[PDB]
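Participant: output the structure for:
(one chain, ligands or ions: 1)
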Amino acid sequence: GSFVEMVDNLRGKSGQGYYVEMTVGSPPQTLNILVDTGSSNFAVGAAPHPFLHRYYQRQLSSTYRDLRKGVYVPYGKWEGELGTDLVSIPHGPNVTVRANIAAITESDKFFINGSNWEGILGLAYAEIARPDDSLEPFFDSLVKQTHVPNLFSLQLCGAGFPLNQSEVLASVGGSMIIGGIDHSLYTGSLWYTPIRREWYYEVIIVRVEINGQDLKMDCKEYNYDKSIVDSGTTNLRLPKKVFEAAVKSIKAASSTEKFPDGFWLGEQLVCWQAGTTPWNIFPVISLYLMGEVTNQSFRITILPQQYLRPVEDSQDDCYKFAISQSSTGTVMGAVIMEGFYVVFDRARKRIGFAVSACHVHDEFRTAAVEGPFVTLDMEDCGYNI
Ligand SMILES: COc1nc(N2C[C@H]3C(=O)N(C)C(=N)N[C@@]3(c3ccc(F)cc3F)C2)nc(C)c1F
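Facilitator: Numbering: from 1, shown residues only. Please see the structure below:
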């Protein structure tokens, strides 16, 4: 329904991540925590680091419990010490839970200078928790210990322009609704895709279009080796072969302007005179997802206002191409999530999408969530082995 206490509780941006305020320990220690649907550990800075202005001080918490076990995570990388403590979300459900916490003591290229977050809240399933699936993730603890419904929803709000150091701290970056769906955060209908398996938030893509033109690849290629929804990734990441076909089609649709190789590789910015970004030359991208009804799919459509990420250069409007290659499957990252209100319905093993009330668009085109479409043999789109 309406969850006013949680609306507008996020800050950040697609390139540095979106974070929520949390408290750990007794008395409570306030920390900003990155919302990550791509991992399943709650891990916080617990020792001085040049990029941290605060960290979890276990010796100052009367409710700290030492699990006497280390955790080593090479992905960047971080190392820590496992323990439990009382955790709350001030702009969240009015509950306090006893949760696992990985106290980060050593790290390399993990913390981002100026991101304003000091830890990560892994919201995915126990299967991918470190060191193993016996370390209960935060959300599992929250549901087990309280009457909070087994569901959360995310509205990540891209500003559509660069935010400087002060503006990003003062700006609302979106909402994380814990235990519900807030109807003010979306327009139109919510469409649901099944969660294929509970590890990452794995989904099945059944068709891809660029300006309505079918990419026409065997649908197994779109999900090779998996397709996931990940708020902790900036870009829309596509499998190598899919990325090559998609970039060729996006280049062909936008061919009235020639961009350098570095732009298409997501490395180099492109700039236009203030207000003149030629949105209309870039195509919309539609991803069709498996529906909840047999032989039915629906589509989510994004604009270049989602896949062109605003960056500072001057008075020019500058962007980086936020679609990149992957060797680990499709990743529907923040730049795709910015177009939609996304419902992680764990209780019903499904993910919902609706057009976000905060998506960036122009007067001629909008993001969309539409259906149904008749789609056959959708289970064949899923990859095995
Ligand atoms: C919290 O614990 C664990 N965390 C991770 N992560 C893997 C990282 C990554 O590559 N992506 C795409 C991701 N989505 N998240 C991460 C992440 C996100 C934003 C960021 F600025 C830094 C990050 F490191 C964090 N992986 C395991 C197994 C963890 F146990």
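
Participant: for the stretch 151-300 of the chain, give the residue positioned nearest to the ligand.
Facilitator: residue 232 (2.6 Å; C-beta to the nearest ligand atom). Heads up, the C-betas are built off the backbone N, CA and C, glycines and all.

Participant: for that residue, give me its contacts.
Facilitator: Going by C-beta atoms under 8 Å, 6 or more residues apart in numbering, residue 232 touches 17, 34, 35, 36, 37, 38, 39, 120, 333.

Participant: widest-spaced pair of those residues?
Facilitator: With C-beta to C-beta as the measure, no two of the contacts of residue 232 lie farther apart than 120 and 333, at 15.0 Å.

Participant: what residues does the stretch 51-200 of the chain put near the ligand?
Facilitator: For the stretch 51-200 of the chain, the residues in contact with the ligand under the definition C-beta under 6 Å from any ligand atom are 73, 75, 76, 110, 112, 120, 122, 130.

Participant: which ones are touching residue 43?
Facilitator: 71, 73, 78, 80, 101, 102, 103, 104, 119, 120, 122.

Participant: meant to ask about residue 210, not that
Facilitator: With contact set as C-beta under 8 Å, 6+ apart, residue 210 has these partners: 246, 249, 250, 253, 283, 284, 285.

Participant: mind checking the backbone torsions on the third one?
Facilitator: Spelled out, that is residue 250. Comment: the main-chain dihedrals of residue 250 come out as phi -70, psi -40, following degrees, to the nearest 10.

Participant: sorry, back to before: show me the two of the contacts of residue 43 that sit farthest apart.
Facilitator: For the contacts of residue 43, with distances taken as C-beta to C-beta, the pair at the greatest spread is 103 and 122 (14.7 Å).

Participant: nearest spatial neighbour of residue 306, chain-adjacent residues omitted?
Facilitator: residue 339 (4.6 Å; C-beta to C-beta, 6 or more residues apart in numbering).

Participant: okay, now that neighbour: neighbour count?
Facilitator: 28 (other C-beta atoms under 10 Å).

Participant: same deal with residue 1?
Facilitator: Residue 1: 7 surrounding residues under other C-beta under 10 Å.

Participant: now it: closest residue in space that isn't a chain neighbour?
Facilitator: The shortest distance from residue 1 to any residue that is not its chain neighbour, by C-beta to C-beta, 6+ apart, is 6.4 Å, and that residue is residue 183.

Participant: same thing with residue 96?
Facilitator: The shortest distance from residue 96 to any residue that is not its chain neighbour, by C-beta to C-beta, 6+ apart, is 4.7 Å, and that residue is residue 88.

Participant: quick check: bridge partners of the one you found?
Facilitator: According to DSSP bridges, the residues that bridge with residue 88 are residue 23, residue 96.

Participant: same thing with residue 350?
Facilitator: With DSSP bridges as the criterion, the beta-bridge partners of residue 350 are residue 194, residue 345.

Participant: quick one: residues contacting it.
Facilitator: Applying C-beta under 8 Å, 6+ apart, we find residue 350 in contact with 192, 193, 194, 195, 292.

Participant: for residue 346, what are its contacts?
Facilitator: 139, 150, 151, 152, 195, 198.

Participant: next, count neighbours for the last one.
Facilitator: Counted with other C-beta under 10 Å, the burial measure for residue 198 works out to 14 neighbours.

Participant: would you check that it makes contact with residue 125?
Facilitator: Yes - Residue 198 lies in contact with residue 125 (C-beta atoms under 8 Å); the separation is 4.5 Å.

Participant: so for stretch 160-167, what gets flagged as buried?
Facilitator: Taking 16 or more other C-beta atoms under 10 Å as the basis for neighbour counts, the residues of stretch 160-167 that come out buried are 160, 162, 163.

Participant: from those, which land in strands?
Facilitator: With strands taken from DSSP state E, there is no overlap with these.

Participant: between those, which is closest to residue 241?
Facilitator: Distance to residue 241 across these (C-beta to C-beta) is lowest for residue 160, with 31.3 Å.

Participant: tell me the spacing between the nearest residue to that closest one once chain neighbours are set aside and residue 176.
Facilitator: In space, and not counting its chain neighbours, residue 160 is closest to residue 360: 3.6 Å by C-beta to C-beta, 6+ apart. Computed as C-beta to C-beta, to the nearest Å, the residue 360 to residue 176 distance reads 20 Å.

Participant: swap in residue 326?
Facilitator: The gap separating residue 326 from residue 176 is 25 Å, by C-beta to C-beta.

Participant: again, but for residue 374
Facilitator: Following C-beta to C-beta, the distance that separates residue 374 from residue 176 is 35 Å.

Participant: then residue 62?
Facilitator: On the measure of C-beta to C-beta, residue 62 and residue 176 end up 28 Å apart.

Participant: more neighbours: which of these two?
Facilitator: residue 176 (25 against 9).

Participant: who does the more buried one bridge with?
Facilitator: Beta bridges link residue 176 to residue 154 when assigned by DSSP bridges.

Participant: which residues sit in contact with it?
Facilitator: Contacts of residue 176 by C-beta under 8 Å, 6+ apart are 6, 9, 10, 20, 35, 92, 152, 153, 154.

Participant: want to try JSON lines for those residues, with neighbour count and distance to residue 314 as columns?
Facilitator: Below are those laid out as JSON lines (neighbours: other C-beta atoms under 10 Å; distance: C-beta to C-beta, whole Å):
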{"residue": "6", "neighbour count": "21", "distance to residue 314": "38"}
{"residue": "9", "neighbour count": "22", "distance to residue 314": "34"}
{"residue": "10", "neighbour count": "23", "distance to residue 314": "29"}
{"residue": "20", "neighbour count": "25", "distance to residue 314": "33"}
{"residue": "35", "neighbour count": "25", "distance to residue 314": "32"}
{"residue": "92", "neighbour count": "21", "distance to residue 314": "40"}
{"residue": "152", "neighbour count": "25", "distance to residue 314": "40"}
{"residue": "153", "neighbour count": "25", "distance to residue 314": "38"}
{"residue": "154", "neighbour count": "24", "distance to residue 314": "33"}
